[PDB]
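Only one structure is covered here, and it is reproduced in the block below.
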There are 6 protein chains.
Amino acid sequence: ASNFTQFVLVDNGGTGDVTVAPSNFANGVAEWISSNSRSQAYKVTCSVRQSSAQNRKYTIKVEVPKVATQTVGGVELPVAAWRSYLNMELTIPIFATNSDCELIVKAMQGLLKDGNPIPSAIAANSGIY
Amino acid sequence: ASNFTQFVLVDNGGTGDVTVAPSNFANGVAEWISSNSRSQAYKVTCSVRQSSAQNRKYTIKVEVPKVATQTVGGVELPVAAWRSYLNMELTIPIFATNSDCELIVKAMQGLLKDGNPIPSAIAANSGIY
Amino acid sequence: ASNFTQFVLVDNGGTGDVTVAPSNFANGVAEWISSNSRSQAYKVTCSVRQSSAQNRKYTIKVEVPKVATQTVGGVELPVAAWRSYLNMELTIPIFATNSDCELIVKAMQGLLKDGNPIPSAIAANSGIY
Amino acid sequence: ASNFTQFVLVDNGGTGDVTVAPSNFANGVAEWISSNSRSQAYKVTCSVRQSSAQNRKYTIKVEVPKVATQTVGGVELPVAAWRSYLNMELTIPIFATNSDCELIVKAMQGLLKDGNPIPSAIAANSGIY
Amino acid sequence: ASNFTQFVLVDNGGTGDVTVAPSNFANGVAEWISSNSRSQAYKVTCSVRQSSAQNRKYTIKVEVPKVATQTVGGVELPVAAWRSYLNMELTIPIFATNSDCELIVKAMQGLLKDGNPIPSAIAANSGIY
Amino acid sequence: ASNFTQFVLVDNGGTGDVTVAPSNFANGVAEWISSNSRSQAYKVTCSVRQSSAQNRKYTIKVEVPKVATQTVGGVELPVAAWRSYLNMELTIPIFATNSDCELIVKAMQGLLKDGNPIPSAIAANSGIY
């Protein structure tokens with residue numbers, strides 16, 4: 001066991017799956033990037049710090065690039081036309097059991113399950129109503 | 001559409017599921033709450049605004065009760081020993097089409113799928129190693 | 001479900017019932033007015049805010065108009081000769097269960113039930129003695 | 001008349017009713033209390049004065065005990081975790097006849113009838129949505 | 001009850017219809033935006049405020065994009081080549097009853113009815129002649 | 001060919017219809033006024049001008065009178081008790097073809113179509129909720 005492993009970030013059903021792999025842990029920040037140039041890569045980072053005396057805080061970030069090829073100076077360079085940024089902070093009391101922590105993980109994945117309100121809104125460029 | 005409905009936040013497989021239902025919409029912030037006192041409820045909120053000239057941000061917040069040794073309906077203090085707080089900010093460039101937003105949603109749910117490192121670190125009360 | 005619906009404010013037994021309907025939610029204040037001109041309308045507003053860390057506070061207001069028709073500049077305008085103002089603030093601890101909250105609602109309606117002391121005093125232009 | 005009598009504040013239909021009885025009249029403020037320690041009692045007070053040259057105000061206050069997980073007769077601290085506070089101010093113009101005051105009472109009890117939005121938001125621990 | 005919902009801004013047949021869905025209601029400004037890239041989206045906002053003691057004033061705004069692709073350096077972005085901007089202010093005295101408001105609405109829709117002088121001048125890049 | 005003609009501003013059935021007829025076109029401002037006393041008349045004006053190098057800007061204005069009789073000193077005059085004032089500005093870039101102008105017109109009439117949120121909020125003395 002070492003949980004610092006590769007995983008598939010975007011499952012496009014076997015074909016065109018975006019999978020991300022361990023790439024750095026300098027300064028206590030675990031980083032995973034996809035197999036692209038650093039200019040076009042998906043990136044995921046994660047770090048935990050004991051924020052208060054009684055809390056721990058996980059900070060997770062995801063960058064999703066829209067790839068493009070730009071001509072700069074008559075030369076074509078692999079580029080990301082824009083990136084989208086997910087940025088999440090989770091603060092957990094030190095008194096939380098592993099069963100308490102599993103509840104948090106289940107709530108977070110239920111939140112984004114296909115068909116529930118929030119994933120639907122995002123995917124439609126809509127708000128909730 | 002009409003996104004603002006009840007949904008299952010914690011799926012304990014039919015029996016013991018936690019459903020969260022619409023409870024407030026003041027200021028266009030959708031709130032969903034479970035059937036509990038506000039000090040012990042699972043609570044979810046979501047809102048979207050154009051954050052910059054180039055971006056929109058979804059701000060999503062979740063609060064999850066510490067359940068081990070909980071006294072249902074009891075007054076449990078300090079509040080911070082009994083609650084976890086999730087805070088997600090998703091910044092999406094105004095150029096993202098709906099297909100782009102679909103992919104961002106898939107990246108978000110891939111991050112948290114069971115078995116992948118981030119959910120299993122959280123649930124095991126661990127960092128990355 | 002959306003609890004922002006129309007309701008009858010004054011039940012004059014089917015005939016001359018004053019009924020009030022959703023009319024605004026700007027700035028998180030739900031407003032209902034009766035079907036009159038804005039100068040002669042009954043108005044009801046309601047808002048909830050988390051006042052303390054451990055409290056929530058509902059602020060409810062009702063305006064009851066005494067309608068009249070005034071001649072201003074030789075022209076007759078629909079007007080309210082005076083309004084009566086109910087103004088109520090309810091502070092509930094976050095530790096209150098929904099069964100605890102039902103008790104509050106039952107106490108508030110028992111307070112104003114026909115025949116109990118306070119409704120009788122108001123209706124008679126009397127104090128309590 | 002003689003308004004100042006006992007009445008049923010919470011009608012749980014015959015069995016489990018909460019009756020509140022006259023308990024103080026210092027300064028012409030009528031107080032009614034239930035049969036409990038003053039820290040756990042249902043308490044009601046009511047007074048009236050001419051607030052301005054044109055208006056009278058009834059000030060009515062209610063305190064309701066948090067009952068889930070209550071220890072009867074116990075010392076429960078903090079007080080604020082265990083109590084809800086209602087505060088109503090009714091301003092009625094000096095022109096209002098008794099019929100006018102009857103209607104104001106009906107508006108007040110319509111606001112709180114079961115099924116109408118404000119009582120059902122409160123009881124469900126919710127805002128308007 | 002809610003009027004902050006999705007609606008059809010352009011029935012352009014029953015297929016190329018443009019629909020606008022609720023996006024944000026911050027600060028008393030209801031905003032609706034069509035789906036796909038915010039950069040090519042239609043936008044509608046509406047807010048109402050008491051402009052004077054006697055008047056309420058609605059401000060409604062609509063933006064109609066000309067959809068296009070910007071290509072710079074080989075990178076293509078979905079953009080709006082330009083936007084037409086409708087901006088309207090409707091002032092209504094508080095003495096207007098609901099019937100007077102209905103009439104104001106019929107005047108507005110008569111003004112823009114198909115075949116009448118103003119809609120057909122606009123539709124033809126033309127003035128009055 | 002002429003679009004400066006009489007037209008129906010309010011089809012209020014096929015009988016109480018309000019028609020506005022050309023009155024004056026001085027200084028590039030087309031004005032139409034309904035018949036009988038100018039004091040109780042509906043008024044519509046429209047003017048178009050090149051607001052910038054790239055834009056033309058239409059200014060359309062409508063006034064809706066509340067008909068009434070002023071009686072002062074026993075002398076009665078037909079007056080408007082008050083007027084609602086619609087004022088709209090539509091900016092269109094010179095690149096819009098006639099088809100783009102048709103679409104702008106369909107957006108305008110969709111906005112005010114019967115049953116959609118803005119016309120029905122106005123019609124009911126209401127905001128968005």
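Residue numbers start at 1 in each chain; chains themselves are named A, B, ... in the order of the structure tokens; ligands are numbered from 1 in the order shown.
Counting only C-alpha atoms, residue 73 of chain B has the following residues at most 10 Å away, ignoring those fewer than 4 positions along the same chain: residues 36, 37, 38, 39 and 40 of chain B; 95, 96, 97, 98, 99 and 100 of chain C; 66, 67, 68, 69 and 70 of chain D.
Fit chain F to chain D on the Cα trace, atom for atom in sequence order, and the RMSD comes out at 3.4 Å.
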Counting only C-alpha atoms, a student should be able to say which residues of chain A come within 6 Å of chain B; what is the right answer, written as a list in words? residues 2, 3, 4, 9, 10, 84, 85, 86, 87, 88, 89, 90, 91, 92, 93, 98, 100, 101, 102, 105, 106, 107, 110, 111, 117, 123, 124, 128 and 129 of chain A
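Note that atom CA of residue 35 of chain C and atom CA of residue 22 of chain E are 26.2 Å apart.
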Helix (DSSP H, G or I) per DSSP on the backbone: members of segment 70-109 of chain E, as a VMD selection string: chain E and resid 98 to 109
Please extract the residues of segment 16-73 of chain F with a backbone DSSP assignment of strand (DSSP E or B) and present them as a PyMOL selection string. chain F and resi 18-24+30-33+43-50+55-72
Put those residues in a file: N, CA, C and O atoms, as a CSV table (one decimal), in the first residue's frame.
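Wrote again01.csv, looks like this:
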chain,number,residue,atom,x,y,z
F,18,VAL,N,-57.2,50.2,-28.1
F,18,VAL,CA,-56.6,51.5,-28.1
F,18,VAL,C,-55.7,51.6,-29.3
F,18,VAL,O,-54.8,50.8,-29.5
F,19,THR,N,-56.0,52.6,-30.1
F,19,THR,CA,-55.4,52.9,-31.3
F,19,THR,C,-54.7,54.2,-31.2
F,19,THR,O,-55.2,55.2,-30.7
F,20,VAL,N,-53.5,54.2,-31.8
F,20,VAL,CA,-52.7,55.4,-31.8
F,20,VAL,C,-52.4,55.8,-33.2
F,20,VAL,O,-52.3,55.0,-34.1
F,21,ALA,N,-52.6,57.1,-33.5
F,21,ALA,CA,-52.5,57.6,-34.9
F,21,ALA,C,-51.4,58.6,-35.0
F,21,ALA,O,-51.2,59.3,-34.0
F,22,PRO,N,-50.7,58.8,-36.1
F,22,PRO,CA,-49.6,59.7,-36.3
F,22,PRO,C,-49.9,61.1,-35.9
F,22,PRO,O,-51.0,61.6,-36.3
F,23,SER,N,-49.1,61.7,-35.1
F,23,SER,CA,-49.3,63.1,-34.8
F,23,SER,C,-48.3,64.1,-35.2
F,23,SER,O,-48.6,65.2,-35.7
F,24,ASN,N,-47.0,63.8,-35.1
F,24,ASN,CA,-46.0,64.8,-35.4
F,24,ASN,C,-44.7,64.1,-35.7
F,24,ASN,O,-44.6,63.0,-35.2
F,30,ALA,N,-40.8,60.4,-34.4
F,30,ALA,CA,-42.1,60.0,-34.8
F,30,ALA,C,-42.9,60.0,-33.5
F,30,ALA,O,-42.5,59.3,-32.6
F,31,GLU,N,-44.1,60.6,-33.5
F,31,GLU,CA,-45.0,60.6,-32.4
F,31,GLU,C,-46.4,60.1,-32.8
F,31,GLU,O,-46.9,60.6,-33.8
F,32,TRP,N,-47.0,59.2,-32.1
F,32,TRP,CA,-48.4,58.8,-32.3
F,32,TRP,C,-49.2,59.1,-31.0
F,32,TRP,O,-48.6,58.9,-29.9
F,33,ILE,N,-50.4,59.5,-31.1
F,33,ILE,CA,-51.3,59.8,-29.9
F,33,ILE,C,-52.6,59.3,-30.1
F,33,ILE,O,-53.1,59.3,-31.3
F,43,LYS,N,-49.5,57.8,-25.7
F,43,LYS,CA,-48.5,58.4,-26.5
F,43,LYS,C,-47.4,57.4,-26.8
F,43,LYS,O,-47.0,56.7,-25.9
F,44,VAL,N,-46.9,57.4,-28.0
F,44,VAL,CA,-45.8,56.5,-28.3
F,44,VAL,C,-44.8,57.3,-29.1
F,44,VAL,O,-45.3,58.1,-30.0
F,45,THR,N,-43.5,57.3,-28.9
F,45,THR,CA,-42.6,58.0,-29.8
F,45,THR,C,-41.5,57.0,-30.2
F,45,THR,O,-41.3,56.1,-29.4
F,46,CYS,N,-40.8,57.3,-31.3
F,46,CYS,CA,-39.7,56.4,-31.7
F,46,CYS,C,-38.8,57.3,-32.5
F,46,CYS,O,-39.2,58.2,-33.2
F,47,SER,N,-37.4,57.1,-32.3
F,47,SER,CA,-36.4,57.8,-33.1
F,47,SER,C,-35.2,56.9,-33.2
F,47,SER,O,-35.0,56.0,-32.3
F,48,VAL,N,-34.4,57.0,-34.2
F,48,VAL,CA,-33.3,56.1,-34.4
F,48,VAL,C,-32.2,57.0,-34.8
F,48,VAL,O,-32.3,57.9,-35.6
F,49,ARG,N,-31.0,56.7,-34.3
F,49,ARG,CA,-29.9,57.6,-34.5
F,49,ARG,C,-28.6,56.8,-34.5
F,49,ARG,O,-28.6,55.7,-33.8
F,50,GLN,N,-27.5,57.2,-35.1
F,50,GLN,CA,-26.3,56.5,-35.2
F,50,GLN,C,-25.6,56.9,-33.9
F,50,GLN,O,-25.1,58.0,-33.8
F,55,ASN,N,-22.8,51.8,-34.3
F,55,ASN,CA,-24.1,51.5,-33.7
F,55,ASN,C,-25.2,52.4,-34.0
F,55,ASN,O,-25.0,53.6,-34.0
F,56,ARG,N,-26.4,51.9,-34.2
F,56,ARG,CA,-27.5,52.7,-34.4
F,56,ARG,C,-28.3,52.4,-33.1
F,56,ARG,O,-28.1,51.4,-32.5
F,57,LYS,N,-29.1,53.4,-32.6
F,57,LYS,CA,-29.7,53.2,-31.4
F,57,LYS,C,-31.2,53.7,-31.5
F,57,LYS,O,-31.3,54.9,-31.9
F,58,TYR,N,-32.1,52.8,-31.4
F,58,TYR,CA,-33.5,53.2,-31.3
F,58,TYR,C,-33.9,53.7,-30.0
F,58,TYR,O,-33.5,53.0,-29.0
F,59,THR,N,-34.7,54.7,-29.8
F,59,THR,CA,-35.3,55.1,-28.5
F,59,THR,C,-36.8,55.0,-28.7
F,59,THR,O,-37.3,55.8,-29.5
F,60,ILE,N,-37.5,54.2,-28.0
F,60,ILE,CA,-39.0,54.0,-28.1
F,60,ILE,C,-39.5,54.4,-26.8
F,60,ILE,O,-38.9,54.1,-25.7
F,61,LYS,N,-40.7,55.2,-26.7
F,61,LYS,CA,-41.3,55.5,-25.4
F,61,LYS,C,-42.8,55.4,-25.5
F,61,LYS,O,-43.3,55.8,-26.5
F,62,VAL,N,-43.4,54.9,-24.4
F,62,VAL,CA,-44.9,54.7,-24.4
F,62,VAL,C,-45.4,55.3,-23.1
F,62,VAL,O,-44.6,55.3,-22.1
F,63,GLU,N,-46.5,56.0,-23.1
F,63,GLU,CA,-47.1,56.5,-21.8
F,63,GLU,C,-48.5,55.9,-21.8
F,63,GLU,O,-49.2,56.0,-22.8
F,64,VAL,N,-48.9,55.4,-20.6
F,64,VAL,CA,-50.2,54.8,-20.4
F,64,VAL,C,-50.9,55.6,-19.4
F,64,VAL,O,-50.5,55.6,-18.2
F,65,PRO,N,-52.0,56.2,-19.7
F,65,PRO,CA,-52.7,57.1,-18.7
F,65,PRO,C,-53.7,56.4,-17.9
F,65,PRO,O,-54.3,55.3,-18.4
F,66,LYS,N,-54.0,56.8,-16.7
F,66,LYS,CA,-55.1,56.3,-16.0
F,66,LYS,C,-56.1,57.5,-16.2
F,66,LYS,O,-55.9,58.6,-15.7
F,67,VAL,N,-57.2,57.2,-16.8
F,67,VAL,CA,-58.2,58.2,-17.2
F,67,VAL,C,-59.0,58.7,-15.9
F,67,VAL,O,-59.4,57.8,-15.1
F,68,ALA,N,-59.2,59.9,-15.8
F,68,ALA,CA,-60.0,60.4,-14.6
F,68,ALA,C,-60.5,61.8,-14.9
F,68,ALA,O,-60.1,62.5,-15.8
F,69,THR,N,-61.3,62.3,-13.9
F,69,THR,CA,-61.8,63.7,-14.0
F,69,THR,C,-61.3,64.4,-12.9
F,69,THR,O,-61.5,64.0,-11.7
F,70,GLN,N,-60.8,65.6,-13.1
F,70,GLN,CA,-60.3,66.4,-12.0
F,70,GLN,C,-61.5,67.4,-11.8
F,70,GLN,O,-61.9,68.0,-12.8
F,71,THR,N,-61.9,67.6,-10.6
F,71,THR,CA,-62.9,68.6,-10.3
F,71,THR,C,-62.3,69.5,-9.3
F,71,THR,O,-62.0,69.2,-8.2
F,72,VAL,N,-62.2,70.8,-9.7
F,72,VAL,CA,-61.7,71.8,-8.9
F,72,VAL,C,-62.6,73.0,-9.0
F,72,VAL,O,-63.0,73.4,-10.1
